[PDB]
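Colleague: my_file09.csv is the file, holding CSV, C-alpha atoms and all ligand atoms:
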```csv
chain,number,residue,atom,x,y,z
A,9,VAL,CA,31.5,135.8,123.7
A,10,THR,CA,34.1,135.9,121.0
A,11,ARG,CA,37.6,136.7,122.1
A,12,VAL,CA,39.8,138.5,119.5
A,13,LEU,CA,43.5,138.5,120.1
A,14,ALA,CA,46.0,140.4,118.0
A,15,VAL,CA,49.6,139.2,117.8
A,16,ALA,CA,51.7,142.1,116.7
A,17,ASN,CA,55.3,143.5,116.6
A,18,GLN,CA,56.7,145.6,113.8
A,19,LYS,CA,60.1,144.0,114.3
A,20,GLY,CA,60.5,141.1,111.9
A,21,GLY,CA,61.3,137.5,112.7
A,22,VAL,CA,60.2,137.5,116.3
A,23,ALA,CA,57.8,134.5,116.0
A,24,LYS,CA,54.5,136.3,115.5
A,25,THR,CA,53.2,133.7,113.0
A,26,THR,CA,54.5,130.7,114.8
A,27,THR,CA,52.8,132.1,117.9
A,28,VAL,CA,49.5,132.6,116.2
A,29,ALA,CA,49.5,129.1,114.8
A,30,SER,CA,50.7,127.4,118.0
A,31,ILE,CA,48.3,129.2,120.3
A,32,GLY,CA,45.5,128.5,117.8
A,33,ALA,CA,46.3,124.7,117.9
A,34,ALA,CA,46.6,124.7,121.7
A,35,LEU,CA,43.2,126.4,122.1
A,36,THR,CA,41.6,124.0,119.6
A,37,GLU,CA,42.9,121.0,121.6
A,38,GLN,CA,41.1,122.6,124.6
A,39,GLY,CA,37.8,122.7,122.7
A,40,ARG,CA,37.7,126.3,121.5
A,41,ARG,CA,36.4,127.1,118.0
A,42,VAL,CA,39.4,129.1,116.6
A,43,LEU,CA,39.6,131.4,113.6
A,44,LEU,CA,43.1,132.6,112.5
A,45,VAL,CA,43.4,135.7,110.4
A,46,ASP,CA,46.5,136.2,108.2
A,47,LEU,CA,47.1,140.0,107.7
A,48,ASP,CA,50.6,139.6,106.2
A,49,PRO,CA,50.6,139.9,102.4
A,50,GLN,CA,53.6,137.5,102.4
A,51,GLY,CA,51.2,134.8,103.6
A,52,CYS,CA,53.5,133.1,106.0
A,53,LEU,CA,50.6,131.8,108.3
A,54,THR,CA,48.6,130.7,105.3
A,55,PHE,CA,51.5,128.8,103.8
A,56,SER,CA,52.4,127.3,107.1
A,57,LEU,CA,48.9,125.8,107.4
A,58,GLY,CA,49.1,124.2,104.0
A,59,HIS,CA,47.6,126.7,101.5
A,60,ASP,CA,49.7,128.1,98.7
A,61,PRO,CA,48.8,131.8,99.0
A,62,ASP,CA,49.5,132.5,95.2
A,63,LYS,CA,46.7,130.0,94.3
A,64,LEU,CA,43.9,131.3,96.6
A,65,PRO,CA,41.0,132.4,94.4
A,66,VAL,CA,40.2,135.1,97.0
A,67,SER,CA,41.7,136.1,100.3
A,68,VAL,CA,41.3,138.5,103.2
A,69,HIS,CA,42.2,141.3,100.7
A,70,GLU,CA,38.8,141.1,99.0
A,71,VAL,CA,37.2,140.7,102.4
A,72,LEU,CA,38.7,143.9,103.7
A,73,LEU,CA,37.6,145.7,100.6
A,74,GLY,CA,34.0,144.4,101.1
A,75,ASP,CA,33.9,142.6,97.7
A,76,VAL,CA,33.7,139.1,99.1
A,77,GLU,CA,31.8,138.0,102.2
A,78,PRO,CA,34.2,136.7,105.0
A,79,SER,CA,32.6,133.2,105.1
A,80,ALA,CA,33.3,132.7,101.4
A,81,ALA,CA,37.1,133.3,101.9
A,82,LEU,CA,37.6,130.9,104.9
A,83,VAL,CA,39.6,127.7,104.4
A,84,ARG,CA,40.3,124.7,106.5
A,85,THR,CA,43.4,123.5,108.3
A,86,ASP,CA,44.5,120.0,109.3
A,87,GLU,CA,44.3,120.7,113.0
A,88,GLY,CA,40.7,122.1,112.8
A,89,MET,CA,41.3,125.8,113.1
A,90,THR,CA,39.6,127.9,110.5
A,91,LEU,CA,41.7,130.3,108.5
A,92,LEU,CA,41.0,133.7,106.9
A,93,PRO,CA,44.1,133.6,104.6
A,94,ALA,CA,46.2,136.2,102.9
A,95,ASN,CA,48.3,136.5,99.7
A,96,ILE,CA,50.3,139.2,98.0
A,97,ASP,CA,47.1,140.9,96.8
A,98,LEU,CA,46.7,142.3,100.3
A,99,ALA,CA,49.7,144.5,99.7
A,100,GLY,CA,47.5,146.7,97.6
A,101,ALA,CA,45.0,147.1,100.4
A,102,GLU,CA,46.2,150.4,101.7
A,103,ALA,CA,46.3,152.1,98.3
A,104,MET,CA,42.6,151.2,98.0
A,105,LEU,CA,41.7,151.6,101.7
A,106,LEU,CA,43.3,155.1,102.0
A,107,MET,CA,40.9,156.2,99.3
A,108,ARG,CA,38.0,155.2,101.5
A,109,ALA,CA,36.6,156.4,104.8
A,110,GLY,CA,37.1,154.3,108.0
A,111,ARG,CA,40.0,152.3,106.5
A,112,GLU,CA,41.0,151.3,110.1
A,113,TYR,CA,37.8,149.4,110.6
A,114,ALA,CA,37.8,147.0,107.6
A,115,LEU,CA,38.7,143.9,109.6
A,116,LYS,CA,36.4,144.8,112.4
A,117,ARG,CA,33.5,145.0,110.0
A,118,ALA,CA,34.4,141.6,108.5
A,119,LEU,CA,34.7,139.9,111.9
A,120,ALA,CA,31.3,141.3,112.9
A,121,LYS,CA,29.8,139.2,110.1
A,122,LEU,CA,31.3,136.1,111.7
A,123,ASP,CA,30.5,136.8,115.4
A,124,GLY,CA,29.3,133.8,117.3
A,125,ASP,CA,30.9,131.4,114.8
A,126,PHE,CA,34.1,131.2,116.8
A,127,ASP,CA,35.1,131.3,120.4
A,128,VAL,CA,38.6,132.8,119.7
A,129,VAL,CA,39.9,134.9,116.8
A,130,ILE,CA,43.7,135.3,116.6
A,131,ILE,CA,45.1,137.9,114.2
A,132,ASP,CA,48.6,137.6,112.7
A,133,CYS,CA,49.9,141.1,112.1
A,134,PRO,CA,52.7,141.8,109.5
A,135,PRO,CA,56.1,143.4,110.6
A,136,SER,CA,54.8,146.9,110.2
A,137,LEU,CA,52.8,149.7,111.8
A,138,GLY,CA,50.6,150.5,108.8
A,139,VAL,CA,47.0,150.1,107.8
A,140,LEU,CA,47.0,146.3,108.1
A,141,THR,CA,48.4,146.1,111.6
A,142,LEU,CA,46.1,149.0,112.5
A,143,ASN,CA,43.2,146.9,111.3
A,144,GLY,CA,44.3,144.1,113.5
A,145,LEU,CA,44.7,146.3,116.6
A,146,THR,CA,41.4,148.0,115.9
A,147,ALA,CA,39.4,144.7,115.6
A,148,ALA,CA,41.0,143.1,118.7
A,149,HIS,CA,40.0,143.1,122.3
A,150,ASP,CA,43.5,142.0,123.5
A,151,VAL,CA,47.0,142.2,122.0
A,152,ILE,CA,50.2,140.3,122.8
A,153,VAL,CA,53.7,141.3,121.6
A,154,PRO,CA,56.0,138.3,120.8
A,155,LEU,CA,59.3,139.6,121.9
A,156,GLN,CA,62.6,138.0,120.9
A,157,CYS,CA,65.0,137.6,123.8
A,158,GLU,CA,68.0,136.3,121.9
A,159,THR,CA,69.6,139.8,121.7
A,160,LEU,CA,69.3,143.1,123.6
A,161,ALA,CA,67.9,144.8,120.4
A,162,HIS,CA,64.6,146.3,121.3
A,163,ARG,CA,64.6,150.0,120.2
A,164,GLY,CA,61.2,149.5,118.5
A,165,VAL,CA,59.3,148.7,121.7
A,166,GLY,CA,58.7,152.4,122.4
A,167,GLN,CA,57.1,153.1,119.0
A,168,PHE,CA,55.0,149.9,119.3
A,169,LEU,CA,53.6,151.1,122.7
A,170,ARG,CA,52.9,154.6,121.1
A,171,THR,CA,50.9,152.8,118.4
A,172,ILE,CA,48.8,150.9,121.0
A,173,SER,CA,48.2,154.2,122.8
A,174,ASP,CA,47.1,155.9,119.6
A,175,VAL,CA,44.7,153.1,118.7
A,176,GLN,CA,43.2,153.2,122.2
A,177,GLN,CA,42.6,157.0,121.8
A,178,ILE,CA,41.1,156.9,118.3
A,179,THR,CA,39.8,153.6,117.0
A,180,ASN,CA,39.6,151.0,119.8
A,181,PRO,CA,39.3,152.4,123.4
A,182,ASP,CA,38.8,148.9,124.8
A,183,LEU,CA,42.0,147.3,123.5
A,184,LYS,CA,44.0,145.7,126.3
A,185,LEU,CA,47.7,145.2,126.0
A,186,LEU,CA,48.2,141.9,127.8
A,187,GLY,CA,52.0,142.1,127.5
A,188,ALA,CA,55.0,140.6,125.8
A,189,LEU,CA,55.4,136.9,125.1
A,190,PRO,CA,59.1,136.1,125.3
A,191,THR,CA,60.3,134.1,122.2
A,192,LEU,CA,63.5,132.5,121.0
A,193,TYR,CA,64.5,132.1,124.7
A,194,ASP,CA,68.1,130.6,124.9
A,195,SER,CA,68.7,128.3,127.9
A,196,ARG,CA,72.5,128.2,127.5
A,197,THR,CA,73.1,131.3,129.7
A,198,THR,CA,71.3,133.9,131.7
A,199,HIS,CA,71.5,136.2,128.7
A,200,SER,CA,67.8,135.8,127.6
A,201,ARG,CA,66.7,136.3,131.2
A,202,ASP,CA,68.8,139.5,131.4
A,203,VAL,CA,67.3,140.7,128.1
A,204,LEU,CA,63.8,140.2,129.5
A,205,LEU,CA,64.6,142.0,132.7
A,206,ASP,CA,66.1,144.9,130.7
A,207,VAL,CA,62.8,145.2,128.7
A,208,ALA,CA,60.6,145.0,131.8
A,209,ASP,CA,62.7,147.6,133.5
A,210,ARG,CA,62.7,150.1,130.7
A,211,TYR,CA,59.2,149.8,129.1
A,212,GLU,CA,55.6,150.1,130.4
A,213,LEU,CA,55.1,146.5,129.1
A,214,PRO,CA,54.2,143.4,131.1
A,215,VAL,CA,56.6,140.6,130.3
A,216,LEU,CA,54.5,137.4,130.4
A,217,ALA,CA,55.3,133.8,131.2
A,218,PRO,CA,56.3,131.3,130.2
A,219,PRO,CA,59.0,132.1,127.6
A,220,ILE,CA,58.9,130.2,124.4
A,221,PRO,CA,62.3,128.5,124.1
A,222,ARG,CA,64.2,128.4,120.8
A,223,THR,CA,64.1,124.8,119.4
A,235,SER,CA,57.2,129.9,110.0
A,236,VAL,CA,56.4,127.0,112.4
A,237,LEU,CA,53.6,125.3,114.3
A,238,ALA,CA,54.7,123.7,117.6
A,239,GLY,CA,52.1,121.2,118.5
A,240,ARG,CA,53.9,118.0,119.6
A,241,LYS,CA,55.6,117.0,122.9
A,242,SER,CA,58.5,119.5,122.6
A,243,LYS,CA,59.6,122.2,125.1
A,244,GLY,CA,58.3,124.8,122.7
A,245,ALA,CA,54.9,123.2,122.3
A,246,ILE,CA,54.7,122.6,126.1
A,247,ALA,CA,55.3,126.3,126.6
A,248,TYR,CA,52.7,127.4,124.0
A,249,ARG,CA,50.1,125.1,125.6
A,250,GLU,CA,51.0,126.5,129.1
A,251,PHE,CA,50.6,130.1,127.7
A,252,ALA,CA,47.3,129.1,125.9
A,253,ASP,CA,46.0,127.8,129.2
A,254,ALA,CA,46.8,131.2,130.8
A,255,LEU,CA,44.8,133.0,128.1
A,256,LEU,CA,41.9,130.6,128.7
A,257,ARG,CA,42.0,131.3,132.4
A,258,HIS,CA,42.2,135.0,131.9
A,259,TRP,CA,39.2,135.0,129.5
A,260,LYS,CA,37.1,132.7,131.7
A,261,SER,CA,37.8,134.0,135.3
A,262,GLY,CA,39.5,137.4,134.7
A,263,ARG,CA,42.7,135.9,136.1
A,264,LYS,CA,45.6,138.3,135.4
A,265,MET,CA,48.1,136.9,133.0
A,266,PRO,CA,51.1,135.5,134.9
A,267,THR,CA,54.3,137.5,134.5
A,268,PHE,CA,57.9,136.5,133.9
A,269,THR,CA,59.0,139.1,136.5
A,270,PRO,CA,56.6,140.9,138.8
B,1,LIG,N1,60.6,128.5,119.1
B,1,LIG,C1,61.3,128.6,118.0
B,1,LIG,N2,62.4,127.9,117.8
B,1,LIG,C2,63.1,128.0,116.7
B,1,LIG,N3,62.8,128.7,115.6
B,1,LIG,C3,61.7,129.3,115.7
B,1,LIG,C4,60.9,129.3,116.9
B,1,LIG,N4,59.8,130.2,116.7
B,1,LIG,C5,60.0,130.6,115.4
B,1,LIG,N5,61.1,130.2,114.8
B,1,LIG,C6,61.6,130.5,113.5
B,1,LIG,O1,61.9,131.9,113.5
B,1,LIG,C7,61.6,132.4,112.2
B,1,LIG,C8,60.7,133.6,112.3
B,1,LIG,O2,59.4,133.1,112.8
B,1,LIG,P1,58.0,133.7,112.4
B,1,LIG,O3,57.0,133.0,113.1
B,1,LIG,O4,57.9,133.7,110.8
B,1,LIG,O5,58.2,135.2,112.9
B,1,LIG,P2,57.4,136.5,112.4
B,1,LIG,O6,57.4,137.5,113.5
B,1,LIG,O7,55.9,136.0,112.1
B,1,LIG,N6,58.2,137.0,111.0
B,1,LIG,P3,57.5,138.4,110.3
B,1,LIG,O8,56.0,138.1,110.1
B,1,LIG,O9,58.2,138.5,108.9
B,1,LIG,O10,57.8,139.6,111.1
B,1,LIG,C9,61.0,131.3,111.3
B,1,LIG,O11,62.0,130.7,110.5
B,1,LIG,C10,60.5,130.3,112.4
B,1,LIG,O12,60.5,128.9,111.9
B,2,MG,MG,54.9,136.5,110.4
```
What's the structure tokens form of this structure?
Modeller:
Amino acid sequence: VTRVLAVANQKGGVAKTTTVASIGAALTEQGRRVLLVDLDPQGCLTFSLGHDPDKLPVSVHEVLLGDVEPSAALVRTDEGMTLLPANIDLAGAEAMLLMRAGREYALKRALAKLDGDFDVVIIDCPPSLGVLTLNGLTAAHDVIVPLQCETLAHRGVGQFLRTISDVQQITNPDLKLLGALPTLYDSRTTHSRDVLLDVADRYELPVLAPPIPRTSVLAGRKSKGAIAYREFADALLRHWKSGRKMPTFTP
């Protein structure tokens, strides 16, 4: 059974892409066959895994449009994950998708052609709530929200949760919000903890554990950040294998 995880948050700079790549690497180390999907036209994930987006002959853009088969667009990574990459062409997608029926289901249709080739698909959503993020949420079974806890600024969480609810009502009833993954956690004071407690208090959003400390990127070594990503990846594995609920930062 292929697990599809979307990593989404319309707020920019909260470590979505670092989280996709680092969870992907951790799961690959544990033996899972991993596909990463870059849905950001700026191509941060693609660049971070060693592919110049501007030089890709095709990308996920042609795949979403149905003009190129998904397998033909896949590229390799040094750590063994497979990548469905993106480049700036993808910014034109919604102009072309809006003119077509079922624009929300383009990525879902593409992944259906790859089912059984991968144990886990992780989708890197751009900092927006438009057609590309909707495609990510519509194709996924689970979603996590990387949530920065350097500052108290979280006015966008409400609209993000509304977006999840809308997707569950219209395009993907089975989507499960696993919760928020704390990122950019600062160990110098209790401020980051207090930020996370504030979010857990005010929003119907599980805050998951462990936080990823502040040290796009790919944390795969013996650092505290890599250690935390591997611990979180283990939690995902247990949840998918035994139904174990994801551990929470605060109950
Ligand atoms: N644990 C970390 N410690 C320090 N810097 C980090 C960490 N995680 C991410 N960063 C940096 O924070 C910045 C934003 O990370 P990134 O993974 O690109 O977030 P993002 O949510 O994908 N940005 P965007 O797609 O534009 O919304 C990058 O410069 C990363 O290298
Ligand atoms: Mg990103």
Colleague: Would you be able to write out as a tab-separated table (two decimals) with C-alpha atoms, in the frame of the given file which residues have an atom within 10 Å of (48.6, 123.4, 117.3) in the file's coordinates, counting all atoms listed in the file?
Modeller:
```tsv
chain	number	residue	atom	x	y	z
A	26	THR	CA	54.50	130.70	114.80
A	27	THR	CA	52.80	132.10	117.90
A	28	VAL	CA	49.50	132.60	116.20
A	29	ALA	CA	49.50	129.10	114.80
A	30	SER	CA	50.70	127.40	118.00
A	31	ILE	CA	48.30	129.20	120.30
A	32	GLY	CA	45.50	128.50	117.80
A	33	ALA	CA	46.30	124.70	117.90
A	34	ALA	CA	46.60	124.70	121.70
A	35	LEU	CA	43.20	126.40	122.10
A	36	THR	CA	41.60	124.00	119.60
A	37	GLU	CA	42.90	121.00	121.60
A	86	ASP	CA	44.50	120.00	109.30
A	87	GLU	CA	44.30	120.70	113.00
A	88	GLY	CA	40.70	122.10	112.80
A	89	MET	CA	41.30	125.80	113.10
A	236	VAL	CA	56.40	127.00	112.40
A	237	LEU	CA	53.60	125.30	114.30
A	238	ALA	CA	54.70	123.70	117.60
A	239	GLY	CA	52.10	121.20	118.50
A	240	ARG	CA	53.90	118.00	119.60
A	245	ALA	CA	54.90	123.20	122.30
A	248	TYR	CA	52.70	127.40	124.00
A	249	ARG	CA	50.10	125.10	125.60
```
Colleague: Excluding same-chain residues fewer than 3 positions from residue 94 (chain A), what lies within 10 Å of it counting all atoms listed in the file, as a list in words?
Modeller: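 Final neighbour list, sorted by chain and number: residues 45, 46, 47, 48, 49, 50, 51, 52, 53, 54, 55, 59, 60, 61, 62, 64, 66, 67, 68, 69, 70, 81, 91, 97, 98 and 99 of chain A.
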Colleague: Can you pull out every residue with an atom within 7 Å of ligand LIG 1 (chain B)? Use only C-alpha atoms and all ligand atoms and format it as number ranges by chain.
Modeller: A: 18-27, 48, 52, 134-135, 191-192, 220-223, 235-236, 244
Colleague: Rounded to one decimal, what separation in Å do you get between CA of residue 144 (chain A) and CA of residue 256 (chain A)?
Modeller: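 These two atoms are separated by 20.5 Å.
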Colleague: Skipping near chain neighbours, those fewer than 2 positions away, what residues fall within 12 Å of residue 178 (chain A) using only C-alpha atoms, listed as a PyMOL selection string?
Modeller: chain A and resi 110+112-113+142+145-146+171-176+180-183
Colleague: So which one's closest to residue 152 (chain A), A:14, A:259, A:179, A:165? Using all atoms listed in the file, please.
Modeller: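 The closest residue to residue 152 (chain A) is A:14.
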Colleague: In Å, how far is it from CA of residue 169 (chain A) to CA of residue 212 (chain A)?
Modeller: 8.0 Å
Colleague: My list of candidates is A:219, A:74, A:154, A:138. Which is closest to ligand MG 2 (chain B) when distances are computed with all atoms listed in the file?
Modeller: A:154
Colleague: Give as JSON, numbers by chain each residue that has an atom at most 12 Å from (34.7, 131.8, 122.7) in the file, counting only C-alpha atoms.
Modeller: {"A": [9, 10, 11, 12, 13, 35, 36, 38, 39, 40, 41, 42, 43, 123, 124, 125, 126, 127, 128, 129, 130, 255, 256, 259, 260]}
Colleague: When you draw a straight line from CA of residue 164 (chain A) to CA of residue 199 (chain A), how long is it in Å?
Modeller: 19.7 Å
Colleague: List the neighbours of residue 216 (chain A) out to 6 Å using all atoms listed in the file; skip same-chain residues closer than 5 positions along the sequence, and give me the result as a list in words.
Modeller: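 The residues satisfying every condition are residues 188, 189, 266, 267 and 268 of chain A.
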Colleague: Please dump the current selection as a short mmCIF file (atom, residue, chain, number, x, y, z; two decimals), in the frame of the given file; keep C-alpha atoms.
Modeller:
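So again_1.cif came out as:
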```cif
data_model
loop_
_atom_site.label_atom_id
_atom_site.label_comp_id
_atom_site.auth_asym_id
_atom_site.auth_seq_id
_atom_site.Cartn_x
_atom_site.Cartn_y
_atom_site.Cartn_z
CA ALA A 188 55.00 140.60 125.80
CA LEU A 189 55.40 136.90 125.10
CA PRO A 266 51.10 135.50 134.90
CA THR A 267 54.30 137.50 134.50
CA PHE A 268 57.90 136.50 133.90
#
```
Colleague: Could you check which of A:185, A:115, A:265, A:131 is closest to ligand MG 2 (chain B), using all atoms listed in the file?
Modeller: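 Closest to ligand MG 2 (chain B) of all the choices is A:131.
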Colleague: Taking all atoms listed in the file into account, which of A:141, A:77, A:161, A:217 comes nearest ligand MG 2 (chain B)?
Modeller: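 Counting all atoms listed in the file, the residue closest to ligand MG 2 (chain B) is A:141.
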Colleague: Quick one: residues within 9 Å of region 102-108 of chain A, all atoms listed in the file, excluding same-chain residues fewer than 6 positions away - as a VMD selection string?
Modeller: chain A and resid 72 to 73 114 138 to 140
Colleague: Could you check the closest approach to ligand MG 2 (chain B) for each of A:82, A:133, A:92, A:109 and tell me which residue wins, using only C-alpha atoms and all ligand atoms?
Modeller: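 For ligand MG 2 (chain B), the nearest of the candidates is A:133.
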Colleague: With distances taken over all atoms listed in the file, which of A:16, A:44, A:76, A:215 is nearest to ligand MG 2 (chain B)?
Modeller: A:16
Colleague: Could you write region 140-162 of chain A as a PDB file, keeping the file's coordinate frame, with N, CA and C atoms rebuilt where they are missing?
Modeller:
```
ATOM      1  N   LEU A 140      47.437 147.628 107.816  1.00  0.00           N
ATOM      2  CA  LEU A 140      47.000 146.300 108.100  1.00  0.00           C
ATOM      3  C   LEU A 140      47.162 145.953 109.593  1.00  0.00           C
ATOM      4  N   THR A 141      48.293 146.322 110.203  1.00  0.00           N
ATOM      5  CA  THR A 141      48.400 146.100 111.600  1.00  0.00           C
ATOM      6  C   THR A 141      47.405 146.989 112.411  1.00  0.00           C
ATOM      7  N   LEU A 142      47.129 148.201 111.925  1.00  0.00           N
ATOM      8  CA  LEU A 142      46.100 149.000 112.500  1.00  0.00           C
ATOM      9  C   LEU A 142      44.724 148.340 112.476  1.00  0.00           C
ATOM     10  N   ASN A 143      44.401 147.690 111.353  1.00  0.00           N
ATOM     11  CA  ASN A 143      43.200 146.900 111.300  1.00  0.00           C
ATOM     12  C   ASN A 143      43.145 145.790 112.301  1.00  0.00           C
ATOM     13  N   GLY A 144      44.283 145.109 112.488  1.00  0.00           N
ATOM     14  CA  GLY A 144      44.300 144.100 113.500  1.00  0.00           C
ATOM     15  C   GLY A 144      44.116 144.605 114.898  1.00  0.00           C
ATOM     16  N   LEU A 145      44.810 145.695 115.244  1.00  0.00           N
ATOM     17  CA  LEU A 145      44.700 146.300 116.600  1.00  0.00           C
ATOM     18  C   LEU A 145      43.263 146.828 116.804  1.00  0.00           C
ATOM     19  N   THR A 146      42.667 147.384 115.752  1.00  0.00           N
ATOM     20  CA  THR A 146      41.400 148.000 115.900  1.00  0.00           C
ATOM     21  C   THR A 146      40.250 146.984 116.048  1.00  0.00           C
ATOM     22  N   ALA A 147      40.441 145.775 115.517  1.00  0.00           N
ATOM     23  CA  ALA A 147      39.400 144.700 115.600  1.00  0.00           C
ATOM     24  C   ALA A 147      39.572 143.879 116.890  1.00  0.00           C
ATOM     25  N   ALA A 148      40.703 143.965 117.581  1.00  0.00           N
ATOM     26  CA  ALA A 148      41.000 143.100 118.700  1.00  0.00           C
ATOM     27  C   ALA A 148      40.506 143.620 120.019  1.00  0.00           C
ATOM     28  N   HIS A 149      40.287 142.700 120.956  1.00  0.00           N
ATOM     29  CA  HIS A 149      40.000 143.100 122.300  1.00  0.00           C
ATOM     30  C   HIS A 149      41.339 143.078 123.155  1.00  0.00           C
ATOM     31  N   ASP A 150      42.227 142.120 122.872  1.00  0.00           N
ATOM     32  CA  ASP A 150      43.500 142.000 123.500  1.00  0.00           C
ATOM     33  C   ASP A 150      44.633 141.939 122.498  1.00  0.00           C
ATOM     34  N   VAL A 151      45.838 142.342 122.908  1.00  0.00           N
ATOM     35  CA  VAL A 151      47.000 142.200 122.000  1.00  0.00           C
ATOM     36  C   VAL A 151      48.187 141.696 122.868  1.00  0.00           C
ATOM     37  N   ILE A 152      48.964 140.777 122.270  1.00  0.00           N
ATOM     38  CA  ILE A 152      50.200 140.300 122.800  1.00  0.00           C
ATOM     39  C   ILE A 152      51.337 140.666 121.821  1.00  0.00           C
ATOM     40  N   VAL A 153      52.538 140.877 122.343  1.00  0.00           N
ATOM     41  CA  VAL A 153      53.700 141.300 121.600  1.00  0.00           C
ATOM     42  C   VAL A 153      54.741 140.149 121.710  1.00  0.00           C
ATOM     43  N   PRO A 154      54.862 139.263 120.723  1.00  0.00           N
ATOM     44  CA  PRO A 154      56.000 138.300 120.800  1.00  0.00           C
ATOM     45  C   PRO A 154      57.252 139.077 120.690  1.00  0.00           C
ATOM     46  N   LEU A 155      58.153 138.786 121.623  1.00  0.00           N
ATOM     47  CA  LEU A 155      59.300 139.600 121.900  1.00  0.00           C
ATOM     48  C   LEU A 155      60.536 138.745 121.938  1.00  0.00           C
ATOM     49  N   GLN A 156      61.403 138.825 120.936  1.00  0.00           N
ATOM     50  CA  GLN A 156      62.600 138.000 120.900  1.00  0.00           C
ATOM     51  C   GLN A 156      63.515 138.360 122.059  1.00  0.00           C
ATOM     52  N   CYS A 157      64.104 137.361 122.718  1.00  0.00           N
ATOM     53  CA  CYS A 157      65.000 137.600 123.800  1.00  0.00           C
ATOM     54  C   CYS A 157      66.359 136.914 123.553  1.00  0.00           C
ATOM     55  N   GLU A 158      66.692 136.727 122.275  1.00  0.00           N
ATOM     56  CA  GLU A 158      68.000 136.300 121.900  1.00  0.00           C
ATOM     57  C   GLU A 158      69.054 137.377 121.985  1.00  0.00           C
ATOM     58  N   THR A 159      68.655 138.625 121.715  1.00  0.00           N
ATOM     59  CA  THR A 159      69.600 139.800 121.700  1.00  0.00           C
ATOM     60  C   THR A 159      68.902 140.946 122.462  1.00  0.00           C
ATOM     61  N   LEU A 160      69.736 141.912 122.850  1.00  0.00           N
ATOM     62  CA  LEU A 160      69.300 143.100 123.600  1.00  0.00           C
ATOM     63  C   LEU A 160      68.631 144.155 122.658  1.00  0.00           C
ATOM     64  N   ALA A 161      68.430 143.859 121.385  1.00  0.00           N
ATOM     65  CA  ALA A 161      67.900 144.800 120.400  1.00  0.00           C
ATOM     66  C   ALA A 161      66.443 145.023 120.555  1.00  0.00           C
ATOM     67  N   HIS A 162      66.012 146.096 121.236  1.00  0.00           N
ATOM     68  CA  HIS A 162      64.600 146.300 121.300  1.00  0.00           C
ATOM     69  C   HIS A 162      64.191 147.814 121.168  1.00  0.00           C
TER      70      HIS A 162
END
```
